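# Mind folding the following:
(one chain, ligands or ions: 2)
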Amino acid sequence: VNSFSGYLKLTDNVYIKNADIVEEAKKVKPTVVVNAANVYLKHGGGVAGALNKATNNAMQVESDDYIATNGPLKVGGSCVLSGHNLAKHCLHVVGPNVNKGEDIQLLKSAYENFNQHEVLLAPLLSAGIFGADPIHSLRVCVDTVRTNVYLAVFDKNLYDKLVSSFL
Ligand SMILES: OC[C@@H](Nc1ncnc2[nH]ccc12)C1CCCC1
Ligand SMILES: [Cl-]
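Numbering: from 1, shown residues only. Ligands and ions are numbered 1, 2, ... in the order given. Dropping the coordinates below:
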């Protein structure tokens, strides 16, 4: 039993809700919140910009030190950093950005990072400003993640479309 509330159950392990991931994280304070990161951990917009703003830029400060030490992530890769005031940990995961010409096949690799954590609050990877089809991202999530994932879909119209089209 966990403290996530109001989610629709899609499969044994995948759950979904129309919600602002920032507001959800502040309420639940989950062990792991997933950020829709880029390889430079530059949290400018989308989920990343919103999560970073909610940390008063502490996420960005921590991320800049991470990059200065380690260099950029790989597309499809991840790193674990602090969750600041939002969660215990933030799993920064880089899905492919179609608006950069990156290989959508890497979306499965990106979701595989979730399997290293028993429970996560997450957005749909590569959706929104990363330019992939959210219906496809949900299919990849369900077919790749085996741990317990609570998906927050900001857009209500998109949320309704994902449920009604879910196979
Ligand atoms: O990952 C892309 C995802 N974006 C967010 N998800 C959850 N919370 C969010 N807060 C700010 C942006 C954001 C899109 C939202 C509708 C479909 C995918
Ligand atoms: Cl977005």
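# Using the three-state scheme, assign the nearest residue to residue 144 once chain neighbours are set aside.
Among residues not flanking residue 144 along the chain, residue 111 sits closest, at 4.1 Å (C-beta to C-beta, 6 or more residues apart in numbering). The way it works is simple: take the backbone N, C-alpha and C, and place the C-beta from them, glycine included. Secondary structure of residue 111, reduced to three states by DSSP: H, G, I helix; E, B strand; the rest coil: helix.
# Residue 111: what's it in contact with?
Contact analysis of residue 111 by C-beta atoms under 8 Å, 6 or more residues apart in numbering lists 93, 125, 140, 141, 144, 145.
# tally of neighbours for the closest residue to the second one other than its chain neighbours?
With C-beta to C-beta, 6+ apart as the criterion, residue 125 has its nearest non-adjacent residue at 3.6 Å, and that residue is residue 95. If you count neighbours by other C-beta atoms under 10 Å, residue 95 ends up with 29.
# hey, where'd the strands end up in the protein?
8-9, 14-18, 32-36, 78-82, 89-93, 119-122, 148-153 (DSSP state E).
# Of the ones you listed, which stretch is the most buried?
strand 32-36 (a mean of 28; mean count of other C-beta atoms under 10 Å).
# I figured residue 52 hits residue 60, correct?
Yes. If you go by C-beta atoms under 8 Å, residue 52 and residue 60 touch, sitting 5.2 Å apart.
# just the residues of the chain that are near ligand 1, which are they?
Within the chain, the residues that sit near ligand 1 (C-beta under 6 Å from any ligand atom) are 20-22, 36, 46-47, 50, 123-124, 127-128, 134, 152-155, 158.
# Would you tell me which helix is longest in this protein?
helix 58-70 (DSSP state H).
# So which residues make contact with that one?
For helix 58-70, contacts defined as C-beta under 8 Å, 6+ apart pick out 35, 40-43, 51-52, 79, 81-82, 84, 90, 92.
# Identify the farthest-apart pair in the residues you listed.
Greatest spatial distance in these: 40 and 84, 18.8 Å, computed using C-beta to C-beta.
# what about these two, which has more around it?
When residue 40 and residue 84 are compared for neighbours, residue 84 comes out ahead with 21 against 14, by other C-beta under 10 Å.
# so who does the residue nearest to the more buried one when sequence neighbours are not counted touch?
In space, and not counting its chain neighbours, residue 84 is closest to residue 55: 4.1 Å by C-beta to C-beta, 6+ apart. By C-beta under 8 Å, 6+ apart, residue 55 lies in contact with 84, 85, 86.
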